[PDB]
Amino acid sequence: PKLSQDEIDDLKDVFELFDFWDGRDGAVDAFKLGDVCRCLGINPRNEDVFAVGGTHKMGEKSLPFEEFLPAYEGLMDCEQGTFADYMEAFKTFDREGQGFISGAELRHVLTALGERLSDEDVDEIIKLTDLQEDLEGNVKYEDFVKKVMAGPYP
C-alpha cells in the first residue's frame, strides 16, 4: 500500500507500545505481529500473519520496526470480510431463514469451523457485545455481526 506519513506514525506508535510490553529494546516479538495490526484497525486471518512472518509462540523470533512495516503493508492487502459476506455465510446455517441461530450453533461455528476460536474468546466476545438469547435460546445473528463489525466503541 501507499502508506502516508500519519499512518506510518500510527504504526510506529503501536510498535513502540508493543515493544515496551515484551521488554523495551527496539524489537517486538513476532508472536505479537498479528495483534499489532489489529490495534491499527485491520482484521487479519492467522494464515495471513504466519505468511508475513508471524510466529506461533512467544520467545522464538523478534522484530525491529523496519521489518514490521513490510509485514504490515502485506497484511493490508489481504481480503477483509464485508457485512453481506457474513450474512450469506450465516444464512447457510439458518434452516427457517428467519435470522435466528441457536446459541449452541453459534458457539459451534466459532469454535469448530474455519480458524477456530477458543471457548474463552467466545465467552469474552459474547459478554462484550452483550449478546443474549431469547427463551428458546436462539440469537439474532445479524445483530451480532453488527456489534462485531462496529467495534468495542460504537
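Residue numbers here begin at 1 and follow the sequence given.
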item	value
Average Cα temperature factor in the PDB entry - higher stretch of 2-10, 145-153	2-10
Selected stretch [higher average CA B-factor]: 127-135 or 13-21	127-135
Top residue by Cα temperature factor, when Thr111, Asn43, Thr92, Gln98 are compared in the entry	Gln98
Out of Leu33, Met58, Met87, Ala104, highest CA B-factor residue	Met58
Third assignment of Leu117 from its chain's C-alpha B-factors	middle
Entry-reported Cα temperature factor of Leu69, expressed as the chain third it lands in	highest
